[PDB]
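Chemist: Pasting in a structure now, in structure tokens, and then I'll have a few things to ask.
Computed from the coordinates by the stated procedures, all read-outs in this text should not be read as laboratory data.
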Amino acid sequence: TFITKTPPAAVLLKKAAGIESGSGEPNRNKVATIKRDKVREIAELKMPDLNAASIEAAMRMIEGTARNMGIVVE
RNA sequence: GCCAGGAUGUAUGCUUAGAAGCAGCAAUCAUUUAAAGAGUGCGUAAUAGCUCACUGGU
Ligand SMILES: [Co+3]
Ligand SMILES: [K+]
Ligand SMILES: [Mg+2]
Ligand SMILES: [Mg+2]
Ligand SMILES: [Mg+2]
Ligand SMILES: [Mg+2]
Ligand SMILES: [Mg+2]
Ligand SMILES: [Mg+2]
Ligand SMILES: [Mg+2]
Ligand SMILES: [Mg+2]
Ligand SMILES: [Mg+2]
Ligand SMILES: [Mg+2]
């Protein structure tokens, strides 16, 4: 019955990306780049907080958070 | 018109004493949907709160 809340998708991303802060211009300045297998884990870990059906959709959300903060996936 | 929803990653990222849809900057993705803007106004120190777009009902 004790709800353990997971860290925001954003911070989880910075962590995995090895960066102090996200980009101020997400489209122009890309601060870092990570991998799909990493978005994989973030989506898997954060899953309880999400409202997604599958992990593909979960990752779709995570990528959206990363896309909007200058992070890139490969 | 009235009734009811108007959600979720998320207080997006940045910046900023604070900046949580709504000072300002760059963006404006994604999920679950019948539908629901990275938010139309009002509101708060910042929250909260009221509200619209949008959806269903009558
Ligand atoms: Co939509
Ligand atoms: K703000
Ligand atoms: Mg109403
Ligand atoms: Mg209401
Ligand atoms: Mg939101
Ligand atoms: Mg922030
Ligand atoms: Mg400055
Ligand atoms: Mg803002
Ligand atoms: Mg509100
Ligand atoms: Mg304001
Ligand atoms: Mg602007
Ligand atoms: Mg809404």
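Chemist: Compute the helix-to-body angle for A:36-46: its Cα long axis versus the longest principal axis of chain A, expressed 0 to 90° and rounded to tens.
Modeler: 40 degrees
Chemist: Apply the Karplus parameterisation 6.51 cos²θ - 1.76 cosθ + 1.60, with θ equal to phi minus 60°, to every residue of region A:10-22 and state each ³J(HN,Hα) to the nearest whole Hz, in sequence, with x for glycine and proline.
Modeler: Those phi angles translate into 3, 4, 3, 5, 3, 3, 4, 8, x, 9, 6, 9, x Hz.
Chemist: With no solvent and one equal point scatterer per Cα, compute the Debye intensity ratio I(q)/I(0) for chain A at 0.19, 0.25, 0.27 Å⁻¹ and report its log10, rounded to two decimals.
Modeler: Values, matching the q order: -0.71, -1.12, -1.25.
Chemist: Could you pull out every one of the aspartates and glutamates with an alpha carbon less than 18 Å from that of A:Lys46, ignoring same-chain neighbours closer than 8 positions?
Modeler: Of all the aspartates and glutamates, those that pass the test against A:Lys46 - Cα under 18 Å, at least 8 places apart if same chain - are A:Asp37, A:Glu56, A:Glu63.
Chemist: Something else: Ignoring everything except DSSP H segments at least 4 long, calculate the 222 nm mean residue ellipticity for chain A; use -39,500 (n - 2.57) per segment, divide by total residues, nearest 500.
Modeler: -13500 deg cm²/dmol
Chemist: Give me the extension gain from A:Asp49 to A:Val11: residue separation times 0.36 nm, minus the current Cα-Cα distance, reported in nm with one decimal.
Modeler: 12.2 nm
Chemist: Given 0.36 nm per residue, what is the gain on full extension from A:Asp37 to A:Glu74 after removing their alpha carbon distance, in nm?
Modeler: 12.4 nm
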